[PDB]
Each structure stands twice: as C-alpha cells, then as structure tokens.
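Engineer: Got a structure for you, written out below as structure tokens; questions coming shortly.
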Amino acid sequence: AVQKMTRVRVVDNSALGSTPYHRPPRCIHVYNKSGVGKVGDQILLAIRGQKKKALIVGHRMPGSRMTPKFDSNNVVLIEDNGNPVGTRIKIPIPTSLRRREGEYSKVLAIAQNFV
Amino acid sequence: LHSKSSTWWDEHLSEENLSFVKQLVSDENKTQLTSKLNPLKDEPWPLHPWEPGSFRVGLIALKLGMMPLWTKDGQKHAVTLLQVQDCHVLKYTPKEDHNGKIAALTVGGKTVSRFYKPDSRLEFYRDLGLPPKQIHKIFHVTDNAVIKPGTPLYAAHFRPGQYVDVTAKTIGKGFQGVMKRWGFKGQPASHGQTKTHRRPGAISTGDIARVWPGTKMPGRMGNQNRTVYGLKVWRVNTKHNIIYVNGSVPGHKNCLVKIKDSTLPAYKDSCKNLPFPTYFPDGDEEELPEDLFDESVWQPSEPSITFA
Amino acid sequence: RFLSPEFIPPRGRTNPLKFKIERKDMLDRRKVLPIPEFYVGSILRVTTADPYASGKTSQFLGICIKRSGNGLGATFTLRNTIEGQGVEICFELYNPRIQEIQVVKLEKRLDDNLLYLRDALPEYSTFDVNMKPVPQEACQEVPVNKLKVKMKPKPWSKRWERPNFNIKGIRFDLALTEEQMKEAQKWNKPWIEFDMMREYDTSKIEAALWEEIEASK
Amino acid sequence: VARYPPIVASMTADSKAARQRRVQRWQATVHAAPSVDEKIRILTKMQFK
Amino acid sequence: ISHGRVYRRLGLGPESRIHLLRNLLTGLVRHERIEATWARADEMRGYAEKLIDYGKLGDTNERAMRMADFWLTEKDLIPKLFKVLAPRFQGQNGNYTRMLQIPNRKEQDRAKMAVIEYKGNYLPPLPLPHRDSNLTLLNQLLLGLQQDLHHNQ
Amino acid sequence: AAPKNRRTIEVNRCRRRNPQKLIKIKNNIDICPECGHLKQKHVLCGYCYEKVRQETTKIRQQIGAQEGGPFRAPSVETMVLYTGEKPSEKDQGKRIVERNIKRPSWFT
RNA sequence: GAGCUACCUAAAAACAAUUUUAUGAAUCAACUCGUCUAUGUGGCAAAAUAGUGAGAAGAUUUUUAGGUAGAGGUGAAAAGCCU
Ligand SMILES: [Mg+2]
Ligand SMILES: [Mg+2]
Ligand SMILES: [Mg+2]
Ligand SMILES: [Mg+2]
Ligand SMILES: [Mg+2]
Ligand SMILES: [Mg+2]
Ligand SMILES: [Mg+2]
Ligand SMILES: [Mg+2]
Ligand SMILES: [Mg+2]
Ligand SMILES: [Mg+2]
Ligand SMILES: [Mg+2]
Ligand SMILES: [Mg+2]
Ligand SMILES: [Mg+2]
Ligand SMILES: [Mg+2]
Ligand SMILES: [Mg+2]
Ligand SMILES: [Zn+2]
C-alpha cells in the first residue's frame with residue numbers, strides 16, 4: 001500500500017532516478033478514488049524538485065494468495081505521454097500487470113524478468 | 001409447605017430409571033421419524049404442475065462452517081456449508097386465514113430434547129407425531145406448491161446453479177459504543193482532548209430542543225434477524241444433506257438458518273427446473289449421485305487446471 | 001509417521017462433520033497430485049500454471065518460511081531473492097493450478113517460523129534457482145539444520161529478541177548487548193508454559209487421522 | 001531414577017520456616033568470608049537495641 | 001465481547017490468577033478437601049483434573065516433574081502426587097474431583113461457596129444428594145413399564 | 001447536572017415499590033431427610049455438612065500432632081480408625097489416625 | 001501576632017560514585033526546586049498524585065534558639081511576604 005508521502009525506490013535505469021541523491025522520491029498523489037495504491041496503480045512522485053508520474057510495480061504489503069510480496073515498494077517512471085522514462089528494468093515484475101485494466105504492455109516490454 | 005414448588009424431569013427418577021427414560025425418549029425419536037420417511041405412500045396431497053409466478057417451500061438448516069472452493073477458471077470462492085437437519089413441514093394455512101394474498105407453510109428443523117419444554121409445544125408435536133424441533137419458521141407458498149404436514153424435506157430440494165436467500169440471527173455483540181455500532185469517527189487521541197475519544201459528538205441542533213426519534217446512540221448490537229440475497233448454490237451433498245452457498249451467511253456456527261429460493265428480480269421464475277412441490281426420495285424415480293456440482297465448479301479428483 | 005499439519009483440526013465449537021467432509025476432498029486432490037512431505041526451512045520448487053497466459057507454467061524456488069492453515073485452505077510461504085530483490089509467495093497446497101511440488105532439500109530448522117529471515121543478511125535468503133535436488137533417506141529422520149543467522153542493524157520488522165517470539169535461530173549475542181537482552185526479558189510470561197488448561201493435546205486425534213489416511217489408500 | 005526436588009521451605013514466603021532459611025543465607029556469607037574483618041563486619045553491621 | 005474465552009479474570013492479573021489457583025491446588029493436594037468460593041473452586045477444578053494426569057505419566061517423566069514442581073509449592077507433596085494420588089486413580093479415565101455447592105458464607109459478604117475434593121479420600125463422606133429409591137410410586141410405575149418392554153421383545 | 005425540582009413521594013413510591021425492585025420469593029427450599037432442617041434443592045444441607053466438617057477438623061488436628069512439624073506429609077495412603085477397630089490386612093503399610101470417639105454412624 | 005513566610009543574628013549539621021581539575025566546572029544519586037503533559041477538580045490534597053524535568057561543594061540545602069510589627073516590618077521589586 002502506497003499513500004501520500006510514502007518513500008519509493010525507482011527501479012529503472014533512467015537518470016532521473018538512477019543518479020544517487022540524498023533524498024529518495026516521495027509520493028505526492030495516488031491516481032485512484034481510493035487513496036491507497038497497489039500494484040498497477042499510478043502515482044505522482046516528487047523527485048529532485050520535479051513532479052513526475054510513476055507506476056507501482058511492487059510493494060511490501062500482503063496481497064491475495066499466489067502473488068509475490070516484495071521487500072521494497074518498487075516504482076517505474078513514466079512520461080506525461082505515458083511512455084516509460086527508462087529503457088530497462090532488471091528487477092522482477094509481477095505478471096499480474098498484464099491483465100489489470102490499463103496500459104501496461106509498454107512497461108512489460110521493457111521488463112526482462114517476470115515473477 | 002402448601003405453596004408452589006419447582007420440579008424438573010430428573011428430580012424424582014432413580015439411578016436406574018434415569019438411564020431407562022433416556023433410552024426410551026431416544027427410542028421414541030427413532031420410531032416417529034421413520035414413520036414419516038415415506039410421504040408419497042401416506043396419502044400425499046395432489047401434486048399440481050408448475051405455473052409461472054409460483055413460490056415453493058424452503059428449508060431450515062444448520063450452519064456447519066466455511067471452506068474454500070474453486071472454479072474451472074481457477075478463481076477461489078469462499079463458501080458456507082448448510083446442513084438440512086430434521087426438516088419437516090409442520091403446519092398449513094390457507095390464503096384467507098394468513099390474511100395475505102399467498103398461503104403459508106411453517107417448517108421446522110433440528111429436533112431437540114423434550115425435557116425442558118412447555119406443555120403447549122409438546123402437545124403441538126404429539127398431534128403431528130414428530131419429535132420437537134428447535135425452531136419454527138413461516139414460508140409463503142402458492143396453492144399449487146402446498147405440501148402436506150409431516151412431510152420431510154431434504155437438501156436435494158435445492159440444485160446447483162440456483163440462487164438462494166438465507167436469513168438468520170446475527171452474532172450478538174452486546175451493549176456497544178457508537179464507534180463500533182455505527183462507525184462514528186470519534187475524537188483525537190492527543191492535543192488536548194479531555195475525556196472524549198469514543199464519545200458521540202453533538203446529538204442534535206439547539207433549535208429543535210429535543211432529540212429526533214431514530215438518532216443513533218450507544219446500545220445493544222447484534223442478535224437481529226438479517227437476510228442475504230442472491231447466494232449461488234455451488235454443490236449439494238445428498239448423503240449428508242449439505243448445501244454449499246456462495247459467500248457468508250449471518251449467524252454463528254451451529255446457528256439455524258432459513259433457506260428459500262431467491263426473491264431478487266433476475267431469478268423470478270427459475271424454479272421451473274427444480275422439483276416443484278419438493279424433492280421426494282421416496283418416489284425413487286432416479287437415484288441421485290452423492291455429490292451434485294455446478295458446471296463451473298472444479299471438482300477435486302479432476303486433472304489439475306491447465307489454462308491451455 | 002509424518003501427518004501433514006493441515007489435517008489436524010483446530011480446537012473450537014465447529015462440528016467434526018465439517019472436518020470429515022473436507023478431508024474426503026483433500027484426499028481426492030492428493031491422489032491426482034502428490035504433495036511431498038516438507039517442513040519449515042526446507043527448500044521447495046513449485047511449478048504452477050499461470051492464469052494470465054495460455055496454460056504456460058511458472059517455477060519459483062525458495063525456503064519455506066511459514067506453514068499455516070487448516071483443511072483445503074492450508075497454505076505455505078516460501079522466500080527467495082531474485083536479482084537482489086526478495087520475494088515471498090504464499091502458495092495454497094490444494095489450489096488446482098499447482099502443477100507440481102518438488103522438495104529440493106528436505107530438512108528442519110531450529111524454529112517453525114523463519115519470518116526473521118527478512119531482517120537477516122541477504123545470504124541466508126538467497127537460494128539458487130537452478131539447484132538440483134539433494135538425496136533423501138526415507139527410513140531415517142529428517143536432518144535439523146542448527147544454523148544461527150546473523151542480523152542486519154537493529155531496526156527490524158519485529159522485536160525478535162522479545163520472549164513471546166521465542167526465536168532460537170538468531171545470533172542475539174552479536175547484535176544485542178546483554179543490557180538489551182536483560183531489558184527485553186521484562187515482557188516474559190513465565191506462567192504461560194506451565195498452565196495445563198492452555199495445552200491442546202492432539203495425540204489421539206493424530207492417531208485416528210493417520211489410520212483413516214492409510215485406510216483410504 | 002527420579003530427581004525429586006529437595007524438601008526445603010521456600011526462601012521468599014512469609015513464614016517462620018522461610019525466615020529461618022533466609023537467616024542461613026546471610027549466615028553463609030560469613031562462613032564464606034576469607035578475612036576476619038569481613039566476618040566481624042557482617043556480624044555487627046546491623047544495629048538493634 | 002468475551003465469546004469463547006474459557007477463563008475467569010481473578011486476582012491482580014494473569015500471573016496473579018495462576019498463583020491464586022496454584023495455592024488452592026497445593027491445599028487440595030495436601031488436604032484433599034477444600035472450601036473456596038464457587039467461582040474460584042470452579043476455576044481450579046480443571047487444573048486439579050489435569051495434575052492427576054501428569055502424575056499418571058510417571059515419576060521418571062521429566063515433563064511431569066517440571067510441571068509438578070511448579071504447581072506444588074510445598075515440595076513434600078511431590079512424592080504424594082506420584083506415589084499416592086496417581087496410584088489411586090489408575091483405573092479411572094477422568095472425573096477425579098468432586099465439587100459441590102454449600103450454603104452461602106456467613107461473613108457479611110455472603111459469598112457463594114463450594115467444597116472441592118479428590119475422590120476416594122479418607123475424610124468423612126460428604127452429604128451428597130441421593131436420588132430416590134425404586135420403591136417410590138413414580139419409580140415403580142416406570143419400573144413396571146421397563147419390565148413389560150424388555151420381556152415383550 | 002443537579003435536580004431542577006424535588007421529587008414527590010408519589011413519584012418515588014412508584015419507583016421503589018416497582019416489582020423489579022421487590023424481593024423475589026424462592027421455590028427451591030426443601031427439607032433435609034436426615035436432620036429435618038431446611039435446605040435449597042441444589043445446595044448441600046448446612047446442618048449435615050456442619051457435622052462432617054467438625055469431625056474433619058478433629059481428624060486434621062490429630063494428623064498434625066502425629067506429624068509434629070511442617071513438610072512431613074506421608075508418601076503412603078492414610079486411614080482413620082476409631083476405638084474398637086484394628087487395622088486389617090488391606091490396611092497394612094498405611095498411616096493410621098486414631099480417634100478416641102466411637103465410629104460415627106454416618107462415617108463408614 | 002515572625003512556631004507560616006521575608007530578611008537577619010548565634011550555635012550546629014549534610015553532600016555517595018565518576019570525570020575534570022583546582023572550580024558559584026562536568027555526568028548523576030540523596031537532598032533542594034517545580035519545566036511540560038495527563039489525571040484530579042467537595043479531590044488522597046482549601047494546590048495533590050503519576051510521569052517528565054532544573055540544581056545538586058555552593059549566592060547550596062537543613063536543624064535549633066533569638067531579632068525586626070501595621071502611620072510599620074521584610075523585599076537579588078513580584079507592589080512579594082508578614083499564620
Ligand atoms: Mg481515531
Ligand atoms: Mg484521554
Ligand atoms: Mg420543541
Ligand atoms: Mg512494521
Ligand atoms: Mg459477551
Ligand atoms: Mg463466557
Ligand atoms: Mg406517573
Ligand atoms: Mg523563625
Ligand atoms: Mg560528592
Ligand atoms: Mg556544578
Ligand atoms: Mg540535570
Ligand atoms: Mg547544569
Ligand atoms: Mg530572596
Ligand atoms: Mg515591576
Ligand atoms: Mg494571612
Ligand atoms: Zn441435613
């Protein structure tokens with residue numbers, strides 16, 4: 001579960017996240033009628049003075065049986081037009097993203113490992 | 001003293017007669033219940049065919065518990081187990097006496113002891129020739145669907161794929177506050193709040209100088225009759241008379257419930273396929289399989305699901 | 001004689017019939033798919049058919065950190081670390097999309113819960129995906145691995161030092177000073193282990209259940 | 001081969017038997033004192049009428 | 001909501017509850033007949049039953065010894081449990097304790113009281129409630145019915 | 001909050017003489033067959049029980065005198081004998097408590 | 001009316017352990033004080049309790065007996081204190 005003011009780990013190779021900076025990114029908005037964010041839910045980060053959209057690809061909170069619980073809250077940065085900012089994702093991504101209602105094929109293409 | 005005194009069944013019985021009476025009372029339960037096992041050969045009332053707009057009887061069952069269940073699509077459905085237990089038709093009224101447009105049938109389940117019951121209830125059952133039942137309930141039945149009193153009912157009265165409605169008394173929560181009874185937010189923990197955390201706020205406005213009737217206040221929570229609508233029947237166990245009903249049912253385990261066809265608009269006349277008066281095992285037209293399933297259900301002992 | 005835990009009923013006011021009905025269904029699935037004997041701490045490989053694809057299969061290998069549940073809903077959790085990312089999947093034994101369960105390495109650990117492996121160093125959580133199975137001896141007792149793991153800095157998921165967890169697999173000496181160990185012992189309830197009305201004896205229940213399971217065979 | 005516990009009174013109870021058992025506890029700290037100054041100090045440190 | 005909970009709240013807390021019951025159990029083992037409040041005697045009856053089970057396990061059992069050591073504060077009772085009480089109850093499968101209600105305490109608190117004892121003790125027999133004889137009018141009629149029913153198949 | 005008006009005896013008389021506040025009559029009182037004293041049906045007789053406990057205290061007094069000190073509980077069964085009775089073969093190797101009085105009629 | 005309290009006179013007391021040094025220095029008890037919050041509000045108490053805090057070899061704290069008295073006394077001034 002991601003909320004407002006949560007601390008997030010960018011799991012791309014994009015410069016926006018990749019570059020080591022003393023502050024992690026923090027969530028400013030969750031794009032849902034429910035304030036909570038789960039796998040496949042977009043969020044608006046505040047990353048290095050910039051406001052950037054992102055997608056949740058994993059979280060530490062338990063989900064339904066047969067789905068993977070991660071140890072960190074993982075997020076990918078997406079451009080305003082919706083194209084991913086980064087070109088590669090080396091961390092495993094759950095396969096549930098494929099069937100959730102939304103646009104996730106672009107992210108899946110960039111992800112080599114699926115869990 | 002020449003005054004009122006209290007007695008109970010065991011007060012005057014000796015050690016030997018204590019066991020004898022127990023065996024005798026249980027003996028009577030056996031003979032009485034086997035007399036009614038054959039309704040169709042005991043002057044059954046005429047069996048009318050189904051016509052649109054008919055409402056048939058329902059059953060009283062005991063709540064065994066819950067278990068998981070799966071469909072051929074791989075989805076998991078939590079299901080509740082309801083056991084039809086000593087369910088008999090008890091009384092019939094006609095449309096006129098019930099004062100409704102429709103007639104009424106009173107059913108009863110879960111035979112109980114006879115030792116701490118009022119004389120009135122015992123006489124009611126002695127006339128009907130049945131051991132006493134734990135609970136009575138009333139079902140609205142059309143004239144074509146009337147069934148003679150003393151007729152047993154069984155879980156096979158329902159079939160997988162039909163939707164049903166269950167009504168039972170909810171779990172009691174005792175006297176409760178306003179947060180747990182109606183989900184009121186309450187007041188902050190710190191920052192100066194003095195002796196007000198879970199309290200109701202302002203009851204009402206200053207103008208009306210009273211409290212409106214129906215204002216939500218602390219009180220006794222639970223133990224109320226509630227009904228769940230549109231629960232699917234996934235499977236029926238004919239040997240043990242078990243019904244698998246989708247989702248949750250009001251009440252605690254071992255609580256008696258009322259099961260009848262669903263009254264929701266969609267399933268208005270779905271009882272065409274089901275046994276219209278009731279399911280008679282004495283008729284023995286065809287012997288049912290021990291387990292009845294719904295087509296989507298994935299039965300155990302089947303090959304593992306491979307969504308090829 | 002290893003009786004799988006899910007068969008043991010929990011105490012309560014539920015009828016025995018509800019359990020008998022479930023056992024028959026549980027035995028039916030076991031005939032179609034064989035569920036191997038395993039304990040918490042043993043490494044398992046589970047092959048499951050993915051419902052998001054066309055019956056294609058997926059494989060996940062990890063150490064069984066937790067076992068819980070009764071009846072046909074029993075579950076077991078198992079963890080691994082993939083490209084330096086820990087993941088835990090809570091599998092359901094009787095889910096009809098578990099193609100196969102293979103006990104890569106059968107063993108027992110000092111504790112019946114290994115949730116603390118979340119706070120241990122990553123080495124104790126990482127297991128090779130491609131590892132081949134190790135041999136087993138049927139007419140023998142399962143080995144008990146007495147490894148004591150080393151923890152990372154103190155802020156942990158839970159207070160594992162506290163006496164209610166009763167963890168015996170962590171090197172508390174390295175990570176905690178004796179002052180902390182003494183302080184943590186202020187939450188100790190010595191009477192719990194010595195009150196006889198809190199113990200659930202399942203010996204007779206296990207004996208009867210074991211006979212039924214063999215009889216069905 | 002049963003290790004029955006020794007049949008002695010409790011140390012902390014509020015009884016005469018339990019007090020006489022707390023008396024041997026300090027009396028044993030004199031027996032085990034190496035120097036005679038410690039023995040006399042222990043035997044005389046507590047002032048009573 | 002206290003649905004399903006099988007313990008009374010006694011004493012100053014959970015630990016205090018055990019110690020209060022522990023003293024009652026120690027008295028029961030020594031004396032074999034004790035008077036206490038009905039609620040407390042009812043709470044201690046369960047431990048009285050299970051303690052005898054541990055004694056049955058045997059002297060050499062280490063788990064029995066540790067449990068017996070905890071519950072019997074007077075250690076002279078440990079031989080009594082293993083060598084007196086347990087041999088007495090070898091035949092029985094349960095129901096070692098007999099608990100009955102006695103008049104209310106005449107001490108201005110009017111507590112509800114009970115006498116709890118182990119079966120088979122040496123003390124004078126308690127005045128138990130004795131059922132009626134078969135010679136009574138009601139019993140004979142029931143006895144008459146029994147003879148006919150058995151004899152005629 | 002303080003009363004705005006004094007409450008009348010007619011209002012008070014309805015409150016404190018309501019049936020909910022009255023003492024309920026008991027139907028469970030009966031006689032003890034042996035002593036002829038009153039008892040409730042589900043509780044023991046307080047007169048017959050008084051006989052037993054007074055005898056029990058006497059026996060427990062004698063046990064203490066025999067032991068002579070704390071922590072002297074025997075590891076063998078106990079038995080009580082009255083004047084004019086001698087241990088039987090089954091009574092061998094059991095602590096014997098001796099009472100001056102004759103065997104009570106109820107005690108067997 | 002100074003057995004409370006303000007100030008004073010005379011005769012007496014108390015301050016462990018640790019580090020600095022050679023001290024209105026440091027950490028922190030006993031002791032003195034009363035910062036912040038909660039409880040309490042005819043209360044245990046006509047100003048307390050429970051926590052949390054400030055000082056703690058000094059302009060320190062405490063004990064005993066004496067002194068100053070209302071147009072006055074005392075005051076590291078709060079128009080404080082003087083039962
Ligand atoms: Mg709140
Ligand atoms: Mg509060
Ligand atoms: Mg008005
Ligand atoms: Mg946490
Ligand atoms: Mg309750
Ligand atoms: Mg209760
Ligand atoms: Mg009136
Ligand atoms: Mg003075
Ligand atoms: Mg000093
Ligand atoms: Mg200083
Ligand atoms: Mg300080
Ligand atoms: Mg300072
Ligand atoms: Mg001053
Ligand atoms: Mg000024
Ligand atoms: Mg004044
Ligand atoms: Zn009597």
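Chain identifiers are assigned as A, B, and so on, following the order in which chains appear in the structure tokens; residues are numbered from 1 within each chain, and ligands are numbered from 1 in order of appearance.
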May I ask you to write as a PyMOL selection string all residues lying at most 9 Å from ligand 10, with only C-alpha atoms (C1' of nucleotides) and all ligand atoms counted?

Structural biologist: chain G and resi 23-26+55-58

Engineer: Go ahead and save the picked residues with C-alpha atoms (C1' of nucleotides), as a PDB file, in the first residue's frame.

Structural biologist:
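After the write, again_27.pdb holds the following:
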ATOM      1  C1'   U G  23      36.091  25.024  40.018  1.00  0.00           C
ATOM      2  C1'   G G  24      29.090  29.813  42.098  1.00  0.00           C
ATOM      3  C1'   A G  25      33.420  23.157  36.427  1.00  0.00           C
ATOM      4  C1'   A G  26      31.030  18.225  34.301  1.00  0.00           C
ATOM      5  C1'   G G  55      20.205  22.436  40.502  1.00  0.00           C
ATOM      6  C1'   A G  56      22.967  19.102  43.183  1.00  0.00           C
ATOM      7  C1'   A G  57      30.923  21.763  47.254  1.00  0.00           C
ATOM      8  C1'   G G  58      27.522  26.100  46.839  1.00  0.00           C
TER       9        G G  58
END

Engineer: Select all residues from chain F having any atom no more than 12 Å from an atom of chain B (counting only C-alpha atoms, ignoring ligands), output as a list in words.

Structural biologist: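 Taking only C-alpha atoms into account, residues 25, 26, 27, 28, 29, 30, 31, 38, 40, 41 and 42 of chain F sit within 12 Å of chain B.
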
Engineer: Write out as a list in words each polymer residue (protein, DNA or RNA) that has an atom no more than 10 Å from ligand 15, with only C-alpha atoms (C1' of nucleotides) and all ligand atoms counted.

Structural biologist: residues 4, 5, 81, 82 and 83 of chain G

Engineer: Neighbours of ligand 7 at 9 Å or closer, counting only C-alpha atoms (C1' of nucleotides) and all ligand atoms: which residues, as a PyMOL selection string?

Structural biologist: chain F and resi 10-11+14

Engineer: Would you mind exporting the chosen residues as an mmCIF file, in the first residue's frame, restricted to N, CA, C and O atoms?

Structural biologist:
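Once written, again-v5.cif looks like this:
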data_model
loop_
_atom_site.group_PDB
_atom_site.id
_atom_site.type_symbol
_atom_site.label_atom_id
_atom_site.label_comp_id
_atom_site.auth_asym_id
_atom_site.auth_seq_id
_atom_site.Cartn_x
_atom_site.Cartn_y
_atom_site.Cartn_z
ATOM 1 N N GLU F 10 -45.110 10.509 45.792
ATOM 2 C CA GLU F 10 -45.931 9.724 44.877
ATOM 3 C C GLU F 10 -45.126 9.233 43.675
ATOM 4 O O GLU F 10 -45.351 8.120 43.187
ATOM 5 N N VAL F 11 -44.199 10.048 43.170
ATOM 6 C CA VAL F 11 -43.287 9.574 42.133
ATOM 7 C C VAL F 11 -42.292 8.575 42.711
ATOM 8 O O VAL F 11 -42.022 7.529 42.110
ATOM 9 N N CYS F 14 -43.660 5.042 43.415
ATOM 10 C CA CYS F 14 -43.772 4.190 42.237
ATOM 11 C C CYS F 14 -42.433 3.565 41.879
ATOM 12 O O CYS F 14 -42.379 2.415 41.433
#

Engineer: Give me, as a VMD selection string, the set of residues whose atoms come within 9 Å of any atom of ligand 2, counting only C-alpha atoms (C1' of nucleotides) and all ligand atoms.

Structural biologist: (chain B and resid 188 to 190 192 to 197) or (chain G and resid 38)

Engineer: Any residue with an atom at most 9 Å from ligand 6 counts, using only C-alpha atoms (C1' of nucleotides) and all ligand atoms. Which are they? Put them as a list in words.

Structural biologist: residues 2, 3, 4, 5, 6, 7 and 8 of chain E

Engineer: Just the selected residues (C-alpha atoms), exported as a PDB file, in the first residue's frame, please.

Structural biologist:
ATOM      1  CA  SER E   2     -15.904 -12.395  25.685  1.00  0.00           C
ATOM      2  CA  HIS E   3     -17.288 -15.150  23.460  1.00  0.00           C
ATOM      3  CA  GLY E   4     -15.330 -18.400  23.560  1.00  0.00           C
ATOM      4  CA  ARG E   5     -12.946 -17.437  26.374  1.00  0.00           C
ATOM      5  CA  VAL E   6     -12.551 -20.260  28.875  1.00  0.00           C
ATOM      6  CA  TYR E   7     -11.010 -18.446  31.869  1.00  0.00           C
ATOM      7  CA  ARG E   8     -12.205 -16.185  34.658  1.00  0.00           C
TER       8      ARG E   8
END
